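Counted the way the deposited numbering counts, the sequence shown spans residues 458 to 493, 529 to 686, 691 to 748, 753 to 820, 831 to 951, 956 to 970, 986 to 1009, 1053 to 1113, 1118 to 1128. Positions of the beta carbon are idealized from the N, C-alpha and C atoms, including for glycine. Reviewing the structure listed below.
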Amino acid sequence: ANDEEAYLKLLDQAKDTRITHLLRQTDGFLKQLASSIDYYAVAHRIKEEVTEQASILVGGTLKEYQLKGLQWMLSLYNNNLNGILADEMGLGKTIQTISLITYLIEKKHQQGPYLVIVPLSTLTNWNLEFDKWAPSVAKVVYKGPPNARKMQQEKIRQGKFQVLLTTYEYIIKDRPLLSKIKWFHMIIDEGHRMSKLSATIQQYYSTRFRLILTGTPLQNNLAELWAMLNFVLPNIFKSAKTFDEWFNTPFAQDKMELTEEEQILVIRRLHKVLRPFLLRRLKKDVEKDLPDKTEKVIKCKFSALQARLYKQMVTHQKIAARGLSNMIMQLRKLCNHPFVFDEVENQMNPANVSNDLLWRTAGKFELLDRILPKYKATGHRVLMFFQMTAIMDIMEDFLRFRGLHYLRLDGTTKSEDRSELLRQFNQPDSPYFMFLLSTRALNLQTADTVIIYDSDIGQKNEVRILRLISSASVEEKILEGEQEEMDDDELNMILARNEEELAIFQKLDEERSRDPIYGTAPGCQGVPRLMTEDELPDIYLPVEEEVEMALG
Ligand SMILES: C[N+]1(CCCS(=O)(=O)[O-])CCCCC1
Ligand SMILES: C[N+]1(CCCS(=O)(=O)[O-])CCCCC1
Ligand SMILES: C[N+]1(CCCS(=O)(=O)[O-])CCCCC1
Ligand SMILES: C[N+]1(CCCS(=O)(=O)[O-])CCCCC1
Ligand code: NA
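Structure (C-alpha cells):
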C-alpha cells in the first residue's frame, strides 16, 4: 500500500496508543478498587469465617484447605466479586465448587440456578460428584443428541432445577434456549488445560456471579490472560474479541507486533489486575491434609469394532418385560469387550491365540495397556473389580500376554482358597501386581489403587479409585465434536500421586513413542493403538445371528 518504509513509526505510534490505552484503563480499575498497595485486602474487605460445610453437602468432610477455599469463594460472593480458583490438581476443586453451591443454597437461600460448564471429558465425573456430595440439589445434565435435549427443554424452561451441568458446545449451539435463563452463578471448569465461547457468554448470557476453575497459575500467554480478564472483569474493556483482534483493531492492514519487553509489560499488568481475584494453593503446602481416597471416572473410547457392533445392536433393538433388560446386557458386554461374544472372537481371532487383538479391540484394555505399567513402575498394586465374570477370562489372557502377575477370586473360589489368595496378596514382597476380583464374591490393604472395570483397601496411603466408563454408551446412562476422552498428559496428571511418579509416567510415554509398531517417532510405523475401520472386513454394517446377538 502507501508504505514508505519509514512509515513504520505509524505502526509504532498506533502500538503506543494501544498499549497506553490498556495501561490507563487497568490503572483506572485498580485506582478505583483502592479508592473505596494491598488490593486483596480492599477487594475482600467483608469477612465471613467458615467453620463447617453445609448440612446438604453429604458424603465426606471437607479438608481444612477446602474449608478455606470455600471461605474464599464465599468472600467473592459477599464482596460482589468474580474469581478464579487455581488450586493445583489433586486439591478437589470439583468438591470445593459443590461446597460453594450447597453453602449458598443452604446458608444464603440462593436456590439458583447455577450454570456449570465443564470439559466433555469430565462431565460424567462432575455428574457423579454431584450425586454423591449434593443429592438434594436438583440437577439437569444437558448433553447428547437434539432429541435427548428436547426432553430437557420443558424442565429447563420452567426453571424446575437448580444446577444445569453442560459443556462449552451446548452453551454455544443451544444459546437461544440457555441464554433466556437468568443465571445466579456461572462456573467454568477449564480443566488443567486452558474461542467462540467467550464471545457467546459476553453477549447473551446473564449471570450474577462468575467463577473460573483452572489448574495452573496465571500464565505468560496474552491470549489466555486476555480471555480470563474479560470473563472475570468484563467492564474494563467490554470486548469479546481475542487479544490479537483487540490489539489490532486500529487496522481493521498488518499485525502490530509487541517487543519482548512490551509483552512482559502487558502480561504483568494483567496479572496484577487479576491477582486479588485468584486463589491458588499447592499440593506441597497441604500434603499433610490431602484426603484418604479420591475417585475419578475415566472415559474410554470404543474401538472401530465396538463402535460397529454397538450401532448394529442398537439398530436391531429399536425394531423390537425383562427382554429389554437382556438388550441392555448385550450393549454392556460390548462396552466391556467384543470378544465376550464367541462369534466375534472366532471371526476376529480365528487363530485363537493371545496377541495385540486383546487390547486393540477394546477401549478399556487399550487404556489399561498404557496405565498398568505406569502403576507397576511406581510401586503400586491394583485391585480390579468386575461385574461380568466373563471379562475376567479375557483379562487373564491379556495380563498373561503382557507378563503381569495377578491373582483371581470369584464366586467359584472355594472358601479355603479365598483366604490363601488374600494371604498371598497381602504379603510384603508379593510378586503379584494385581488382584482380579468379582464384585459378587475383604481386607486388601497392601493395594492403594482400585479399578472398577464396570458396574450395575490401603494403609495410611493415598488410595485412588478409577471407574472406567465407555464414552457415549449405555454405561453412562447406568452411572446416572469435543474430545470425549483425555490424552496421556492429562491422564498422567490425575493418576500420578507426586512429582517423582509423573516423571516416571512421562518417561514410559516417550518409550512408547519410540515403539517400532505403535510409536510416532521417525522410523516407527505409527500403527494406531485402537483398531480402525480399515482393519475391519464387511461385517456388522439382514443377518439373523447378528440379531440374536443384539437381544440375546
Ligand atoms: C451480595 N450480598 C447481597 C446480594 C443480595 S441479592 O438478593 O441481590 O442476591 C451482599 C453482602 C451480603 C451477602 C450478599
Ligand atoms: C469482579 N467485579 C465485577 C462485579 C461482579 S459481577 O458478577 O456482577 O460481574 C469487577 C469490578 C469490581 C469488582 C467486581
Ligand atoms: C508490573 N506490575 C505488577 C508487578 C507485580 S507487583 O508486586 O507490583 O504487584 C504491573 C503493571 C503496573 C506495575 C506493576
Ligand atoms: C502388525 N500387527 C502385529 C501385532 C503384533 S502381535 O503380537 O499381536 O501379533 C498386527 C496388525 C495390527 C498391528 C500390529
Ligand atoms: Na473463558
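In the DSSP secondary-structure assignment, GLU795 is bridged to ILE994. Shortest Cα-Cα distance from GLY636 to any of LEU620, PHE622, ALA626, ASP666 involves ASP666.
Cβ contact annotation for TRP722 (same chain, cutoff 6 Å, sequence separation greater than five): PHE739, in chain order.
With 16 or more other Cβ atoms from the protein chains shown falling within 10 Å of its own Cβ, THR888 counts as buried. Restricting attention to alpha helix (DSSP H) runs no shorter than 4 residues, the segment 586-645 encloses them at 612-625, ordered along the chain. In the structure shown, the three-state DSSP call for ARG891 is coil. Counting every other CB atom within 10 Å of its CB across the protein chains shown gives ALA546 a total of 16 or more, marking it as buried. Counted as a single uninterrupted DSSP element, the beta strand (DSSP E) harbouring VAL655 occupies residues 655-658. Note on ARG870: 16 or more other CB atoms within 10 angstroms of its CB, so buried under the neighbour-count rule. Annotation for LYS772 indicates a beta carbon within 8 Å of some heavy atom of ligand 3. Rounded to whole angstroms, the separation of the alpha carbons of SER735 and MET724 is 12 Å. Secondary structure note for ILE576: its beta strand (DSSP E) is the uninterrupted segment 575-577. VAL1003 carries a helical assignment under DSSP once its states are collapsed to helix, strand and coil. Here the alpha carbon of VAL797 sits roughly 31 Å from the alpha carbon of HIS601.
For the segment 831-870, the full-length alpha helix (DSSP H) segments reaching 4 residues or more read 833-846, 852-858, 867-870 along the chain. The C-beta distance from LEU779 to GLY561 rounds to 7 Å, short enough to fall under 8 Å. When distances are taken from the beta-carbon of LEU765 to the heavy atoms of ligand 3, the shortest one is below 8 Å. Judged by pairs of C-beta atoms under 8 Å, the segment 991-1002 does not touch the segment 936-948, as fewer than three such pairs exist. For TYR701, there is no enclosing alpha helix (DSSP H), as DSSP gives it neither H nor E.
Closest in C-alpha terms to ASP1060, from the list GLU1005, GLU1082, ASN1070, comes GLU1082. Rounded to whole angstroms, the separation of the alpha carbons of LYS692 and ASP962 is 42 Å. Judged by their CB atoms, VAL892 and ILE965 are nearer to each other than the 9 Å cut-off.
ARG768 has its Cβ nearer than 8 Å to a heavy atom of ligand 3. Sequence-distant partners of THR589 (beyond 5 residues in either direction) whose C-beta falls short of 7 Å from its own C-beta, in its chain, are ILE679, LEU709. Counting only residues of its own chain and dropping the five nearest sequence neighbours on each side, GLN482 has a CB closer than 7 Å to the CB of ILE732, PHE733. Taking 9 Å as the cut-off, the beta carbon of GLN897 is found closer than this to the beta carbon of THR949. The shortest C-alpha to C-alpha distance from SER929 to any of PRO938, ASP939, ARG918 is the one to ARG918.
The residue from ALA463, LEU468, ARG768, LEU592 with its alpha-carbon nearest to that of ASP754 is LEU468. Contact check for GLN806 and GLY873: beta-carbon distance about 7 Å, within the 8 Å limit, so the pair qualifies. Just so you know, the alpha carbons of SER1085 and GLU1062 end up roughly 16 Å apart. Distances taken from the Cβ of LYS886 to the heavy atoms of ligand 1 include none shorter than 8 Å. Shown here, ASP789 sits in a helix according to DSSP, grouped into three states. Taking the Cα positions, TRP675 is about 7 Å away from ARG704.
According to the DSSP assignment, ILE764 belongs to the alpha helix (DSSP H) that extends over 760-774. For ligand 2, a non-hydrogen atom lies closer than 8 Å to the CB of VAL728. Approximately 7 Å separates the beta-carbon atoms of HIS847 and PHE875; this is inside 8 Å, confirming the contact.
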